[PDB]
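Right, one structure below, let's go through it.
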Amino acid sequence: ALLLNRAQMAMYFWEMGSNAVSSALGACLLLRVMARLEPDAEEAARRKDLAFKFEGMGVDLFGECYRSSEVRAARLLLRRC
Amino acid sequence: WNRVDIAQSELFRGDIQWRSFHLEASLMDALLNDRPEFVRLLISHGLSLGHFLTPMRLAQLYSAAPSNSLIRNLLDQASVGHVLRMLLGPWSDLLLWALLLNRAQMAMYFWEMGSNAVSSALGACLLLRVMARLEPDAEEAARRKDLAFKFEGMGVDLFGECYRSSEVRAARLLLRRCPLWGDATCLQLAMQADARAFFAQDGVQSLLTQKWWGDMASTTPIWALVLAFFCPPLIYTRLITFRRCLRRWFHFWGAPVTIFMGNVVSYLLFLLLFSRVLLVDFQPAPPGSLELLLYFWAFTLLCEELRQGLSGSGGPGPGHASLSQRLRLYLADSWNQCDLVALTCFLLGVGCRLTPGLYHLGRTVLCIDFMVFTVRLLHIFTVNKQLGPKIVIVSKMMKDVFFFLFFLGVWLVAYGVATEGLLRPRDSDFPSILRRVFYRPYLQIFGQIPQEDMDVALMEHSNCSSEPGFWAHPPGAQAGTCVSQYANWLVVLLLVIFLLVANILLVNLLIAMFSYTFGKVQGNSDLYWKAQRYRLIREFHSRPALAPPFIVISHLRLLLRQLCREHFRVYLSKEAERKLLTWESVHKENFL
Amino acid sequence: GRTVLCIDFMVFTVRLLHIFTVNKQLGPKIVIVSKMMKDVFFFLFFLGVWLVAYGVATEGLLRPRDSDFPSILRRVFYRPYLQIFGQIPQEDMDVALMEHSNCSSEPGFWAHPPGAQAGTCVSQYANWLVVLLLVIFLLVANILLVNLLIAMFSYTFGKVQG
Ligand SMILES: CC(C)CCC[C@@H](C)[C@H]1CC[C@H]2[C@@H]3CC=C4C[C@@H](OC(=O)CCC(=O)O)CC[C@]4(C)[C@H]3CC[C@]12C
Ligand SMILES: CC(C)CCC[C@@H](C)[C@H]1CC[C@H]2[C@@H]3CC=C4C[C@@H](OC(=O)CCC(=O)O)CC[C@]4(C)[C@H]3CC[C@]12C
Ligand SMILES: CC(C)CCC[C@@H](C)[C@H]1CC[C@H]2[C@@H]3CC=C4C[C@@H](OC(=O)CCC(=O)O)CC[C@]4(C)[C@H]3CC[C@]12C
Ligand SMILES: CC(C)CCC[C@@H](C)[C@H]1CC[C@H]2[C@@H]3CC=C4C[C@@H](OC(=O)CCC(=O)O)CC[C@]4(C)[C@H]3CC[C@]12C
Ligand SMILES: CC(C)CCC[C@@H](C)[C@H]1CC[C@H]2[C@@H]3CC=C4C[C@@H](OC(=O)CCC(=O)O)CC[C@]4(C)[C@H]3CC[C@]12C
Ligand SMILES: CC(C)CCC[C@@H](C)[C@H]1CC[C@H]2[C@@H]3CC=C4C[C@@H](OC(=O)CCC(=O)O)CC[C@]4(C)[C@H]3CC[C@]12C
Ligand SMILES: [Ca+2]
């Protein structure tokens, strides 16, 4: 759903899987890369907007996990993904 | 009855067999009586508008204008001013009508049902600012100007959608040859409308850079233009990209950034020639090589000054042809006023130079004349995106400088006379009294504090006057021959109060005044600079490619044109032109 | 080789800034001072235009007799630039503060400034103006330009801080 720029599908498939923080950062990694690999800049506006929406959820979900346990959310970043 | 809920259920239900003429005269009373919500219903169920807008019914529509209007009499006066000579008694004429009679919601709807969304939104803004100036009373002009902002809203909002859709295909929206108004352009429409909000948006501003760098790929760097200006061989190279090698030459030297840089290089060389005349080639001999080259240079500067004068909307219309408007609008630009003060006291400085008696006055006028030509360096670089919005700021700061200069000058009189009165010099000439009162205290603001000239405990030789009292000799040249030492505890105290008020209270409160009004005017003067920008882009695009010293080639080409006897618009085919308006009427409907 | 190494010390010392940008206390403020360059360059534009305007008009009004191009480009640029920082040489520009008023066989009245690079003798024709034209300089540069640069720094520090 990230590849075909299906916004609400990717926003839902992130919610039903494991690896919330890494795939929110992973979704942000693809959509900034794949906008540079995109020829036309019209759909790249939707490609970059949906990258900010995963930037919202990764920041929002990690800030919950960090205020829960600063030790156990430290291990969230430095996990060998 | 002005009851909408009846009119829907009558037309939506109840054996729906409405014919033509049942709807035709129904929309008349929907238009003659104001009632715009009934109008949207009938157009939603569809009318002809090619069998509805028969010219009797339009004359019928204008006949129901109110008698005590600024329109009915304006028709009877005629029975913007060219609209009067054009309007007499399918949507564009109908949109024109609702603007004329200030019918707000009717015009807001007729804009939505027609073609040409961006040009008629700018066109509606053009009329309602013009027709408010043509309106006698200012009560309804508040509604006339408010409904002009509502079309300013929709033109900015709809173009920003069209620009983010396709920056190329919305670039063609502006520079389309609009066959209304005698082949008008939507940027020209936005200039004449004084559409500051329309120029301020990032689509038009990015379009202005592409017009600025005309056929030279506006993302090109600046140093490559400098490298290609001073190497015209380097024009045809791996640097600056563009979109017959002779048109390739003319796309460079006809582009407005190179006409600008030509005008900048040739003006920095004018000021370098002016200075080398003024500093090292200005003996009382008759004028030599470079001084006569300066006089011809400033003639061309004057011949280039009349080109803007006799080649010059919130005012008159284009092509006025009577010079009591064209020269009056020339001597209203604040730059021309600087350009003519420079060229008239160059003429004074040369006329006083050539006469034998007035030579030192001719030099003195030319030194101040360099000052005025150099300040014209500021007006040139206000087209720059990096410098320009900040040059326009520093004139908004003058209202605070003048407060400072008031508050300081009052305090400088107060300090300066009290100090000159307490220590009484014996060399009290009026040039020297007005110097120790004003000039010497003014310099104490800048760290020039002459303690040895005001404080007696720092000066020796305490017997220098036969007048009664005790005296002391200040070692300064214009400090008086000897000053009094009666109350020099006070003069030293009164300096302390001066440096507190001037150097600390006044200077740091001026920074608070600059920092405040920089915060206010930053938004509005950038908004003003955006709209000013296109006025300066096409002011270089219309200017000849040859600069000031070599402009006489392009004036002996223009004058030889008359013995033998910038309107920007990109050209495209009508089928590619209707594809543009079809694309754009979709994005109006997708926006509404 | 010595001269290049003295400028080379300058460049190695500025690399001291790039090192301490990892600091939490200093670092966010080192990254600010490069955002300020767009306002320095306006100031440096507006001053430099006014420094040409003041500097040539002053060097034209008082005409020195030691008008070499290094010294002309010094009394035009360097000496007015230093007046922004409180180095105002009144004795070199104002004739009423200098004695020895017969120092040139050229026609007109002259006067000797005691400065080393102030010219051998300057003119005293319109030195009411040079003194006035200094007053306008210190108003534009030292007060209008400097305090408007603070307003420009205080504004763009507010924008770029976040
Ligand atoms: C009095 C002196 C300075 C005589 C002039 C010497 C010239 C041969 C040269 C030396 C370097 C040149 C400058 C190199 C950089 C450019 C940037 C250029 O800016 C632009 O045109 C593009 C910016 C924009 O988009 O508005 C203006 C000309 C300018 C100052 C050139 C102007 C003339 C200069 C000063
Ligand atoms: C009491 C003594 C100091 C005499 C008073 C002199 C000042 C009232 C005048 C003389 C020269 C003026 C300056 C000449 C150069 C200009 C550039 C000007 O900027 C522009 O013209 C930009 C063009 C534009 O924004 O339209 C802003 C004011 C300023 C600094 C002026 C500020 C006020 C000054 C100092
Ligand atoms: C900036 C605001 C707060 C007001 C400050 C005004 C002064 C800085 C100006 C207005 C009156 C001027 C002066 C009028 C009288 C003289 C004496 C004059 O000395 C001479 O005797 C030489 C020839 C002459 O003018 O008689 C030199 C210029 C000077 C200081 C003028 C230059 C600077 C002055 C003091
Ligand atoms: C040219 C001179 C200064 C020769 C150097 C003499 C050194 C033997 C010593 C004297 C005191 C020392 C300083 C004492 C305090 C520290 C703080 C330290 O900052 C950090 O590493 C932690 C801050 C952060 O978390 O980023 C950097 C080194 C420094 C400046 C030391 C650097 C080397 C210094 C100057
Ligand atoms: C017309 C005359 C004055 C010659 C013009 C010289 C200036 C245009 C240049 C030469 C040295 C420069 C300075 C050298 C040291 C730097 C540090 C620099 O900060 C950083 O590099 C931080 C690193 C980063 O933020 O990426 C900010 C600009 C600054 C002050 C420069 C400001 C502009 C300067 C004065
Ligand atoms: C900061 C902005 C507003 C522009 C200011 C530029 C000046 C401060 C710079 C550019 C030209 C420079 C000068 C070019 C000519 C000279 C004369 C020179 O005196 C000499 O004769 C010694 C040897 C020589 O250079 O010939 C000493 C350096 C100096 C002042 C240079 C140092 C400072 C100057 C005046
Ligand atoms: Ca002009």
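How things are named: the first chain in the structure tokens is A, the next is B, and so on; residues count from 1 in each chain; ligands count from 1 in the order shown.
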
If the limit is 10 Å from any atom of ligand 4, counting only C-alpha atoms and all ligand atoms, which residues qualify? Return them as a short mmCIF file (atom, residue, chain, number, x, y, z; two decimals) with C-alpha atoms, in the first residue's frame.
```
data_model
loop_
_atom_site.label_atom_id
_atom_site.label_comp_id
_atom_site.auth_asym_id
_atom_site.auth_seq_id
_atom_site.Cartn_x
_atom_site.Cartn_y
_atom_site.Cartn_z
CA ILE C 19 33.57 20.87 16.60
CA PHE C 20 31.47 22.46 19.34
CA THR C 21 28.22 22.20 17.46
CA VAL C 22 27.71 18.80 19.05
CA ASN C 23 27.36 20.59 22.41
CA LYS C 24 23.77 20.98 23.56
CA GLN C 25 24.45 24.39 25.07
CA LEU C 26 26.52 25.95 22.27
CA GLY C 27 25.53 23.88 19.22
#
```

Mind dumping a table of every chain C residue within 7 Å of chain B, with the nearest atom pair and its distance in Å to one decimal, using only C-alpha atoms, sorted by chain and rising number, as CSV?
```
residue,atom,partner,partner_atom,distance
C:42,CA,B:387,CA,6.0
C:49,CA,B:374,CA,6.6
C:53,CA,B:371,CA,4.6
C:54,CA,B:371,CA,6.7
C:56,CA,B:275,CA,6.6
C:57,CA,B:367,CA,4.6
C:59,CA,B:279,CA,6.9
C:60,CA,B:279,CA,5.4
C:61,CA,B:364,CA,6.1
C:86,CA,B:447,CA,5.4
C:96,CA,B:478,CA,6.7
C:97,CA,B:477,CA,5.1
C:147,CA,B:511,CA,5.3
C:148,CA,B:514,CA,6.0
C:150,CA,B:511,CA,7.0
C:151,CA,B:515,CA,4.2
C:154,CA,B:515,CA,6.9
C:155,CA,B:519,CA,6.9
```

Residues contacting ligand 1 - anything with an atom at most 9 Å away, using only C-alpha atoms and all ligand atoms - can you give me those as a ChimeraX atom specification?
/B:209,212-213,221-223,225-227,230,257-273,275,381-388 /C:52

Residue subset to file, keeping N, CA, C and O atoms, as a compact mmCIF listing (two decimals), in the first residue's frame:
```txt
# COMPACT_ATOMS: atom_id res chain seq x y z
N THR B 209 9.99 34.46 -11.64
CA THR B 209 11.40 34.13 -11.84
C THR B 209 11.62 33.52 -13.21
O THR B 209 12.66 33.75 -13.83
N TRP B 212 11.52 36.31 -15.42
CA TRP B 212 12.75 37.06 -15.18
C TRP B 212 13.92 36.45 -15.92
O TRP B 212 14.63 37.17 -16.62
N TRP B 213 14.05 35.14 -15.90
CA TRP B 213 15.14 34.43 -16.55
C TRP B 213 14.74 33.98 -17.94
O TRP B 213 15.00 32.83 -18.28
N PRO B 221 22.17 29.07 -11.62
CA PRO B 221 22.84 29.82 -10.56
C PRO B 221 23.20 31.23 -11.01
O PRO B 221 23.10 31.59 -12.18
N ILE B 222 23.64 32.02 -10.04
CA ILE B 222 23.95 33.41 -10.32
C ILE B 222 25.37 33.55 -10.84
O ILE B 222 25.62 34.37 -11.73
N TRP B 223 26.30 32.77 -10.30
CA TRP B 223 27.70 32.88 -10.70
C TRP B 223 27.91 32.43 -12.13
O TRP B 223 28.84 32.91 -12.80
N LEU B 225 25.75 33.00 -14.50
CA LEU B 225 25.37 34.16 -15.28
C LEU B 225 26.48 35.20 -15.31
O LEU B 225 26.73 35.81 -16.36
N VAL B 226 27.16 35.40 -14.19
CA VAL B 226 28.32 36.28 -14.15
C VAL B 226 29.44 35.72 -15.02
O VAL B 226 30.10 36.47 -15.76
N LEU B 227 29.64 34.41 -14.99
CA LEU B 227 30.65 33.79 -15.83
C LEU B 227 30.28 33.84 -17.31
O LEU B 227 31.17 33.84 -18.16
N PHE B 230 30.58 37.91 -18.65
CA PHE B 230 31.94 38.33 -18.94
C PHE B 230 32.70 37.31 -19.78
O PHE B 230 33.89 37.52 -20.05
N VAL B 257 17.16 39.11 -16.84
CA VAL B 257 18.23 39.14 -15.84
C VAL B 257 19.50 39.69 -16.45
O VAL B 257 20.28 40.36 -15.76
N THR B 258 19.72 39.44 -17.73
CA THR B 258 20.90 39.94 -18.40
C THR B 258 20.76 41.40 -18.80
O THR B 258 21.75 42.14 -18.79
N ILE B 259 19.54 41.84 -19.14
CA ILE B 259 19.29 43.26 -19.29
C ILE B 259 19.50 43.98 -17.96
O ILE B 259 20.06 45.07 -17.91
N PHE B 260 19.09 43.34 -16.86
CA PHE B 260 19.36 43.87 -15.52
C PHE B 260 20.85 43.94 -15.25
O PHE B 260 21.36 45.01 -14.91
N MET B 261 21.55 42.82 -15.41
CA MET B 261 22.98 42.78 -15.15
C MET B 261 23.75 43.66 -16.11
O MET B 261 24.79 44.21 -15.75
N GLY B 262 23.24 43.85 -17.33
CA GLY B 262 23.82 44.85 -18.21
C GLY B 262 23.64 46.25 -17.67
O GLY B 262 24.58 47.05 -17.70
N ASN B 263 22.48 46.50 -17.09
CA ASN B 263 22.17 47.78 -16.51
C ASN B 263 22.90 47.99 -15.19
O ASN B 263 23.07 49.11 -14.77
N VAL B 264 23.30 46.91 -14.53
CA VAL B 264 24.04 47.02 -13.28
C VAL B 264 25.52 47.21 -13.54
O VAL B 264 26.16 48.06 -12.93
N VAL B 265 26.08 46.42 -14.47
CA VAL B 265 27.50 46.54 -14.80
C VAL B 265 27.79 47.90 -15.41
O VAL B 265 28.75 48.57 -15.01
N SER B 266 26.91 48.35 -16.30
CA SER B 266 27.08 49.65 -16.93
C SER B 266 26.82 50.81 -15.98
O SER B 266 27.14 51.94 -16.29
N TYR B 267 26.19 50.55 -14.84
CA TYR B 267 25.98 51.61 -13.88
C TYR B 267 27.07 51.62 -12.83
O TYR B 267 27.44 52.70 -12.36
N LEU B 268 27.62 50.47 -12.47
CA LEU B 268 28.80 50.45 -11.63
C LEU B 268 30.00 51.03 -12.36
O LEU B 268 30.90 51.58 -11.72
N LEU B 269 30.04 50.92 -13.68
CA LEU B 269 31.07 51.58 -14.45
C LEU B 269 30.79 53.05 -14.66
O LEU B 269 31.73 53.81 -14.91
N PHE B 270 29.53 53.46 -14.61
CA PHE B 270 29.23 54.88 -14.59
C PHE B 270 29.72 55.52 -13.30
O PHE B 270 30.33 56.58 -13.32
N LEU B 271 29.48 54.85 -12.17
CA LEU B 271 29.90 55.39 -10.89
C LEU B 271 31.40 55.24 -10.70
O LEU B 271 32.00 55.98 -9.93
N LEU B 272 32.02 54.29 -11.39
CA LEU B 272 33.47 54.24 -11.38
C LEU B 272 34.07 55.30 -12.29
O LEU B 272 35.14 55.83 -11.99
N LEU B 273 33.41 55.62 -13.39
CA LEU B 273 33.87 56.72 -14.21
C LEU B 273 33.60 58.06 -13.54
O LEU B 273 34.43 58.97 -13.62
N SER B 275 33.55 58.67 -10.36
CA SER B 275 34.50 58.86 -9.28
C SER B 275 35.88 59.18 -9.81
O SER B 275 36.56 60.04 -9.26
N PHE B 381 18.73 47.36 -7.24
CA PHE B 381 18.76 46.04 -6.61
C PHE B 381 17.54 45.72 -5.78
O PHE B 381 17.59 44.82 -4.94
N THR B 382 16.44 46.43 -5.96
CA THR B 382 15.22 46.02 -5.30
C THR B 382 14.46 44.98 -6.11
O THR B 382 13.44 44.47 -5.63
N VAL B 383 14.93 44.64 -7.30
CA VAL B 383 14.35 43.56 -8.06
C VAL B 383 14.88 42.22 -7.56
O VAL B 383 14.23 41.19 -7.77
N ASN B 384 16.02 42.23 -6.88
CA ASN B 384 16.61 41.02 -6.31
C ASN B 384 15.70 40.42 -5.25
O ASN B 384 15.10 41.14 -4.46
N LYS B 385 15.57 39.10 -5.26
CA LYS B 385 14.73 38.45 -4.26
C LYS B 385 15.38 38.46 -2.89
O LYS B 385 14.69 38.47 -1.87
N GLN B 386 16.71 38.46 -2.85
CA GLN B 386 17.41 38.38 -1.57
C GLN B 386 17.54 39.75 -0.93
O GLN B 386 17.31 39.89 0.28
N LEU B 387 17.87 40.77 -1.71
CA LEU B 387 18.05 42.12 -1.19
C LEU B 387 16.75 42.91 -1.17
O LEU B 387 16.42 43.53 -0.16
N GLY B 388 16.04 42.90 -2.30
CA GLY B 388 14.85 43.69 -2.55
C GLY B 388 13.78 43.86 -1.50
O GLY B 388 13.33 44.98 -1.27
N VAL C 52 30.42 53.93 -0.52
CA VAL C 52 30.84 54.52 -1.79
C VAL C 52 30.29 55.94 -1.91
O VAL C 52 31.00 56.86 -2.32
```

Give the residue list for ligand 3 at 8 Å, counting only C-alpha atoms and all ligand atoms, as a PyMOL selection string, sorted by chain and then by residue number.
(chain B and resi 404-410+412+430-440+442) or (chain C and resi 94-96+126-132+135-136+139)

Keeping only N, CA and C atoms, write the selected residues to a file as an mmCIF file, in the first residue's frame.
```cif
data_model
loop_
_atom_site.group_PDB
_atom_site.id
_atom_site.type_symbol
_atom_site.label_atom_id
_atom_site.label_comp_id
_atom_site.auth_asym_id
_atom_site.auth_seq_id
_atom_site.Cartn_x
_atom_site.Cartn_y
_atom_site.Cartn_z
ATOM 1 N N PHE B 404 13.460 59.645 16.558
ATOM 2 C CA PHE B 404 14.788 59.707 17.146
ATOM 3 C C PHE B 404 15.442 61.037 16.856
ATOM 4 N N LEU B 405 15.336 61.490 15.617
ATOM 5 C CA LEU B 405 15.987 62.718 15.203
ATOM 6 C C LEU B 405 15.290 63.926 15.811
ATOM 7 N N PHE B 406 13.988 63.812 16.074
ATOM 8 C CA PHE B 406 13.291 64.815 16.867
ATOM 9 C C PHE B 406 13.747 64.787 18.312
ATOM 10 N N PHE B 407 13.713 63.613 18.935
ATOM 11 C CA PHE B 407 13.972 63.513 20.363
ATOM 12 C C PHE B 407 15.425 63.822 20.669
ATOM 13 N N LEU B 408 16.329 63.395 19.794
ATOM 14 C CA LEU B 408 17.728 63.744 19.943
ATOM 15 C C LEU B 408 17.975 65.220 19.747
ATOM 16 N N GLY B 409 17.449 65.804 18.680
ATOM 17 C CA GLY B 409 17.627 67.207 18.386
ATOM 18 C C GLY B 409 17.097 68.147 19.441
ATOM 19 N N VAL B 410 16.004 67.781 20.101
ATOM 20 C CA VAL B 410 15.535 68.563 21.240
ATOM 21 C C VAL B 410 16.503 68.414 22.398
ATOM 22 N N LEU B 412 19.582 67.672 22.072
ATOM 23 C CA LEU B 412 20.873 68.190 21.650
ATOM 24 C C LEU B 412 20.909 69.703 21.782
ATOM 25 N N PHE B 430 29.305 82.644 15.840
ATOM 26 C CA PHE B 430 28.106 81.876 15.511
ATOM 27 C C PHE B 430 28.355 80.570 14.752
ATOM 28 N N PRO B 431 29.319 80.453 13.820
ATOM 29 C CA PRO B 431 29.642 79.104 13.328
ATOM 30 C C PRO B 431 30.215 78.197 14.387
ATOM 31 N N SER B 432 31.035 78.715 15.294
ATOM 32 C CA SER B 432 31.615 77.898 16.343
ATOM 33 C C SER B 432 30.683 77.686 17.520
ATOM 34 N N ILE B 433 29.793 78.636 17.809
ATOM 35 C CA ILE B 433 28.773 78.394 18.822
ATOM 36 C C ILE B 433 27.793 77.338 18.361
ATOM 37 N N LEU B 434 27.313 77.403 17.117
ATOM 38 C CA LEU B 434 26.414 76.390 16.570
ATOM 39 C C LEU B 434 27.095 75.060 16.304
ATOM 40 N N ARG B 435 28.388 74.977 16.527
ATOM 41 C CA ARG B 435 29.160 73.762 16.423
ATOM 42 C C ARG B 435 29.363 73.067 17.753
ATOM 43 N N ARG B 436 29.725 73.805 18.789
ATOM 44 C CA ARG B 436 29.787 73.261 20.129
ATOM 45 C C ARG B 436 28.416 73.009 20.730
ATOM 46 N N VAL B 437 27.361 73.580 20.163
ATOM 47 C CA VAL B 437 26.000 73.295 20.578
ATOM 48 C C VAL B 437 25.453 72.057 19.883
ATOM 49 N N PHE B 438 25.728 71.884 18.599
ATOM 50 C CA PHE B 438 25.134 70.783 17.860
ATOM 51 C C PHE B 438 26.132 69.719 17.450
ATOM 52 N N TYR B 439 27.238 70.103 16.819
ATOM 53 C CA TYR B 439 28.115 69.123 16.192
ATOM 54 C C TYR B 439 28.911 68.342 17.218
ATOM 55 N N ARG B 440 29.503 69.034 18.180
ATOM 56 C CA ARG B 440 30.265 68.347 19.217
ATOM 57 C C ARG B 440 29.408 67.467 20.124
ATOM 58 N N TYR B 442 26.649 65.949 19.078
ATOM 59 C CA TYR B 442 26.204 64.881 18.192
ATOM 60 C C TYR B 442 27.244 63.792 18.066
ATOM 61 N N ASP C 94 37.962 67.886 9.015
ATOM 62 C CA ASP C 94 37.364 69.159 9.395
ATOM 63 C C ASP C 94 38.486 70.178 9.478
ATOM 64 N N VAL C 95 38.416 71.190 8.618
ATOM 65 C CA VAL C 95 39.498 72.153 8.488
ATOM 66 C C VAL C 95 39.580 73.075 9.698
ATOM 67 N N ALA C 96 38.446 73.372 10.325
ATOM 68 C CA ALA C 96 38.461 74.220 11.510
ATOM 69 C C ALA C 96 39.161 73.574 12.706
ATOM 70 N N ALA C 126 34.286 73.745 0.772
ATOM 71 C CA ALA C 126 32.947 73.516 1.275
ATOM 72 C C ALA C 126 33.011 72.575 2.455
ATOM 73 N N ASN C 127 33.883 72.864 3.415
ATOM 74 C CA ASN C 127 34.035 71.952 4.536
ATOM 75 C C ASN C 127 32.914 72.109 5.552
ATOM 76 N N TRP C 128 31.997 73.052 5.359
ATOM 77 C CA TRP C 128 30.736 72.943 6.074
ATOM 78 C C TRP C 128 29.989 71.710 5.616
ATOM 79 N N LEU C 129 30.181 71.314 4.362
ATOM 80 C CA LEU C 129 29.416 70.213 3.820
ATOM 81 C C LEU C 129 29.990 68.892 4.281
ATOM 82 N N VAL C 130 31.319 68.731 4.226
ATOM 83 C CA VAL C 130 31.992 67.501 4.650
ATOM 84 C C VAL C 130 31.651 67.170 6.091
ATOM 85 N N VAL C 131 31.558 68.196 6.919
ATOM 86 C CA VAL C 131 31.156 68.023 8.301
ATOM 87 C C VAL C 131 29.682 67.667 8.388
ATOM 88 N N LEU C 132 28.849 68.286 7.551
ATOM 89 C CA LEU C 132 27.454 67.875 7.435
ATOM 90 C C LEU C 132 27.325 66.479 6.859
ATOM 91 N N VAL C 135 27.841 63.886 9.373
ATOM 92 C CA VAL C 135 26.684 63.810 10.260
ATOM 93 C C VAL C 135 25.609 62.922 9.653
ATOM 94 N N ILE C 136 25.406 63.051 8.346
ATOM 95 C CA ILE C 136 24.454 62.204 7.643
ATOM 96 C C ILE C 136 24.967 60.773 7.576
ATOM 97 N N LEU C 139 24.444 59.071 10.947
ATOM 98 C CA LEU C 139 23.027 58.836 11.119
ATOM 99 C C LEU C 139 22.588 57.620 10.321
#
```

Neighbours of residue 249 in chain B within 12 Å (only C-alpha atoms; same-chain residues fewer than 2 positions away dropped), as a list in words?
residues 215, 216, 228, 229, 232, 233, 234, 235, 236, 242, 244, 245, 246, 247, 251, 252, 253, 254, 255, 258 and 545 of chain B

Long-range neighbours of residue 36 in chain B as JSON, numbers by chain, 8 Å cut-off, only C-alpha atoms, 5 positions minimum in chain:
{"B": [30, 31, 105, 106]}

Using only C-alpha atoms, what does the table of chain A residues within 10 Å of chain B look like, with each row giving the shortest atom pair and its distance in Å to one decimal, sorted by chain and ascending number, as JSON lines?
```
{"residue": "A:40", "atom": "CA", "partner": "B:166", "partner_atom": "CA", "distance": 9.8}
{"residue": "A:41", "atom": "CA", "partner": "B:166", "partner_atom": "CA", "distance": 8.7}
{"residue": "A:42", "atom": "CA", "partner": "B:165", "partner_atom": "CA", "distance": 6.1}
{"residue": "A:43", "atom": "CA", "partner": "B:165", "partner_atom": "CA", "distance": 9.3}
{"residue": "A:45", "atom": "CA", "partner": "B:164", "partner_atom": "CA", "distance": 8.9}
```

Pick out the residues no farther than 7 Å from ligand 6, counting only C-alpha atoms and all ligand atoms, and list them as JSON, numbers by chain.
{"C": [44, 45, 47, 48, 51, 70, 71, 73, 74, 77, 78, 81]}

For ligand 5, collect every residue having any atom at a distance of at most 9 Å from a ligand atom (counting only C-alpha atoms and all ligand atoms); output as a ChimeraX atom specification.
/C:10-11,14-15,17-18,21,27,29-37,40-41,44,48

Within 6 Å of ligand 7, which residues show up when you count only C-alpha atoms and all ligand atoms? List them as an MDAnalysis selection string, please.
chainID B and resid 305 335:336 339

I'd like to know which residues of chain C are strand (DSSP E or B) (by DSSP, run on the backbone); could you write them as a PDB file with N, CA and C atoms, in the first residue's frame?
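Everything below was put into result29.pdb:
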```pdb
ATOM      1  N   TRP C 110      43.522  76.038   1.220  1.00  0.00           N
ATOM      2  CA  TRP C 110      43.903  74.676   1.552  1.00  0.00           C
ATOM      3  C   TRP C 110      44.195  74.605   3.037  1.00  0.00           C
ATOM      4  N   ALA C 111      44.413  73.394   3.533  1.00  0.00           N
ATOM      5  CA  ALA C 111      44.701  73.164   4.938  1.00  0.00           C
ATOM      6  C   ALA C 111      45.349  71.805   5.100  1.00  0.00           C
ATOM      7  N   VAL C 122      44.309  69.176   2.256  1.00  0.00           N
ATOM      8  CA  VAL C 122      42.961  69.002   1.743  1.00  0.00           C
ATOM      9  C   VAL C 122      42.393  70.376   1.458  1.00  0.00           C
ATOM     10  N   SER C 123      41.286  70.427   0.739  1.00  0.00           N
ATOM     11  CA  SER C 123      40.656  71.693   0.424  1.00  0.00           C
ATOM     12  C   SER C 123      39.763  72.137   1.567  1.00  0.00           C
TER      13      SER C 123
END
```

I'd like the contact shell of residue 5 in chain A - 7 Å cut-off, only C-alpha atoms, skipping same-chain residues fewer than 3 positions apart - returned as a compact mmCIF listing (two decimals) with N, CA, C and O atoms, in the first residue's frame.
```txt
# COMPACT_ATOMS: atom_id res chain seq x y z
N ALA A 1 0.82 -1.20 0.00
CA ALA A 1 0.00 0.00 0.00
C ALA A 1 0.86 1.26 0.00
O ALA A 1 0.40 2.33 -0.40
N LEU A 2 2.10 1.14 0.46
CA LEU A 2 3.04 2.25 0.35
C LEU A 2 3.49 2.42 -1.09
O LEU A 2 3.63 3.54 -1.59
N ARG A 47 2.54 11.62 -2.06
CA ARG A 47 3.56 10.69 -1.59
C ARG A 47 4.31 11.26 -0.39
O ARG A 47 4.75 10.53 0.49
```

If you run DSSP on the backbone, which residues of chain A are alpha helix (DSSP H), as a VMD selection string?
chain A and resid 7 to 13 20 to 36 43 to 68 70 to 77
